[PDB]
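What follows is a single chain, given as structure tokens, in the form solved without the ligand.
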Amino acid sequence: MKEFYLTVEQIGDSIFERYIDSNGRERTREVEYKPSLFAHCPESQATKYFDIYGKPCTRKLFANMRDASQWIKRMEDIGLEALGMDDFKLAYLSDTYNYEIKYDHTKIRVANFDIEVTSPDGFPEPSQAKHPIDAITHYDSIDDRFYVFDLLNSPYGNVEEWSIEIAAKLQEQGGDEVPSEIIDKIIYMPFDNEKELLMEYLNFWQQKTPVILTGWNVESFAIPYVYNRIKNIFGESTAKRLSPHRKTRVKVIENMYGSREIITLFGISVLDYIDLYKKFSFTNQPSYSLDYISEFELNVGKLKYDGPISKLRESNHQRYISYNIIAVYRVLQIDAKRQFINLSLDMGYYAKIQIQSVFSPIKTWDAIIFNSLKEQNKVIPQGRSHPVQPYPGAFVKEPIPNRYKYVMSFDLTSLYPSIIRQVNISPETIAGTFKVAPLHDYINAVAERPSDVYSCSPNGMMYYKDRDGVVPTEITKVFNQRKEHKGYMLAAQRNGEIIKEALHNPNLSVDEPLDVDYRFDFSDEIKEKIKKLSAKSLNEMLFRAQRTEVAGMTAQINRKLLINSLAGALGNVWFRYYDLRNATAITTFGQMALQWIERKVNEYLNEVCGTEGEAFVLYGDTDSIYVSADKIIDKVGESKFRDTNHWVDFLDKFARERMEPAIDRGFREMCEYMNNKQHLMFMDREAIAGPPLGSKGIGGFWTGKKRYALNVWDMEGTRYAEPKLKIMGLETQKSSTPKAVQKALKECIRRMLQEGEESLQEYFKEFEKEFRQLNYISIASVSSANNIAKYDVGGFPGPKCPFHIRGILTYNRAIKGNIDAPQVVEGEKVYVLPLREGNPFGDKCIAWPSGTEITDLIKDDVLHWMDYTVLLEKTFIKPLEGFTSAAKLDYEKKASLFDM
């Protein structure tokens, strides 16, 4: 096979590399790598190395990496550019793997672990590590086994061995309901003392050294606790055995609030799953406990136990160990679904970076670009110092707040990357500048043509048309990958809707799910078989369809994020190719493109309908437009349609056959105007929205910029079995809004758009009556706990203290002097509740860590003093009044003459 690296590190003058050899075996080597850097030379000397501007360079080969680094410093002291890859391990990887990397995931050791630490005196601080580690479950991807290390004797209690038999039994049998599919995969090892446990762990770690190290909060907890506990018991050199090269560093993350010291293990790539999940999942959650994320992702119940966790080992060691094992598997199950590890490996190997660098698009793009340029013997520029400067972004149209019955949206495919490709925006393609007219002049096509030679953006920039820049070239490759995966995703989604439809008539039989590839549209043959299947098989197929969809979503949306990050990186000072001329060229062009097509769509539809000056485009944001279709529907007449799907077909056909061709012509004209290198402004129909035929639903409404709701029947070619609410910006979409409130506000909107004013009034009235029965968690707001110490004055709110910080301070006073109460962690999420006047907490609100029940100490008092009225007024009624007034509806029935 083709060799591929596992991990790479620079230690002084040595590259330490772990890799898979041609035989598929893990090896390690130390290389005294001689790096090269470059300096400009006279045009009058022979060379094959040139910078991106075509200036000739001479290669400087160094005896070792430290010499190379010192040369950089001397070049700074002289005042001359030191060119080339100054991250010597990226140069090493480029030299060693001078080909597209084919990796075999089965050869890569992915370790998933978690630890248990019994602690009576509060949260066990990793940097102190003063309490015994009493359980480690370490899953190994290569062995496919859960290795369980269990402490039997501790200063906090001596316990019996864990029973695998009881762990397999149902909870109703007194068991732990450890899923049957992993029972045979548990290798259980009890220990009489913590020393032997840790020594055996390290020996085990030596035999099965993780390449990818993951788990839940392992970077902030498990890793530093294990390292520090071992350091406390045995000394540093023994702790350093967690690194295959025996080197570690104790380092902080730079922020703007506080600091936390994490452990860098040289020769391992740590990908904490919480960090994988936060970057790649495209959610914001009220809580990031594994219980919460597991319930959300997998619909599994919370791990249930009595008393505090600090007493669990003592009271019920059986369950303690089982819940440790189950916690590991749940991360595996989340990954099986989301596929973030797979995504990380893909991106990592593509860029030829340390895998853990996927968290950093700047590092990723820096390495992609460097490899692309090196292939052509081109030399990258030195990174420079730049002051942070604000620059303009997208255009957003101000909508007229109103109901909107029929709506068709259109959206530009991958806007910013396509602008980069169309215009040819790249560091080395800058051709010069032209004299800019006000942007509206370009929008209305009244400004003089920018250039007859070069490709232009209305910010004044000009670019070469003779050849593609490295940015367009490299961004196009990832874009194409993205497109493929989006194709798989949408097809899985369409297939899902076919299964949903079929589920309306399940056939009563014993049968199996069809063996199909969900990434491809179901054939007619498959459709007919599905029409003959039982609910059991259809539901299992739907589950499989939805899993394929999720897999496709992960692959596509994060490649989208990566290509969009290239456009953003051009506006970040740490990017090697930082250039505000290029970042602004993208965004200004975007503002022109949007407003230009607004004009064209308006001009086109006015002609179709025989009017003048009327606005059809009601809204737009960045690259999408929302077109009112009322008049199109009205021109045929609502009476003429058989059912909802019929007018949906009609709008789909009208958008695909009349509007899209007009949109294309309008954009082809803009391309010529700007003299761009390649027409790539592709604006397709996205949504078809409206109320059900014959109903009193309003279809959609806008309250303002980035705030609207639509009743969608068709989204980029996916015809839904049941209409789906597209809601943006409104309170239903915010992680800060109470759960039950999100739910009720969503149902109010559903009723408004699908059913009408009377249905909405019927629901509101019922919610208002029953609201006081809602569980306190379901009605708590959520916020992030930032800068607590800034607003802490003696335990009481300082000047300008935010509401939620006030709540935290109230909580702190209430729990003061209590070792075992959950402390609020700076930066993490809190639930927030209003408190009625004259409560014992001595303030108007209280906040506690999210995802958890509030400590039993103050729960009863919180539940008794919760201010439901404030809750109902602030989180529900005020948002609802905002919706309804915008939609010109009343949520409460107004009095009429009929009341006699």
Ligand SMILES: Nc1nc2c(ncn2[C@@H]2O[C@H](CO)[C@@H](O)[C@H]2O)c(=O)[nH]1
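Start at 1 and count along the sequence shown; that's the residue number.
There is also a form solved in complex with the ligand; it is not shown, and the following applies to it.
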{"query": "Any non-hydrogen atom of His40 within 4.5 angstroms of the ligand in the bound PDB entry", "finding": "no"}
{"query": "Contact of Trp848 with the ligand in the bound PDB entry (heavy atom, 4.5 Å)", "finding": "no"}
{"query": "Partner proximity in the bound PDB entry: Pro224 to the ligand, non-hydrogen atom cutoff 4.5 Å", "finding": "no"}
{"query": "The ligand contact at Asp335 in the bound PDB entry, heavy atom, 4.5 Å", "finding": "no"}
{"query": "Among 359-367, 188-196, 272-280, 378-386, the region lying within 4.5 Å of the ligand in the bound PDB entry by heavy atom distance", "finding": "378-386"}
{"query": "Proximity to the ligand in the bound PDB entry, single hit among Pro472, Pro691, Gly84, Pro126 (heavy atom within 4.5 Å)", "finding": "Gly84"}
{"query": "Sole residue of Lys374, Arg658, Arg145, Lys536 within 4.5 Å of the ligand in the bound PDB entry, by heavy atom", "finding": "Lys374"}
{"query": "Candidate site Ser36, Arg59 and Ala91: all three near the ligand in the bound PDB entry by heavy atom within 4.5 Å", "finding": "yes"}
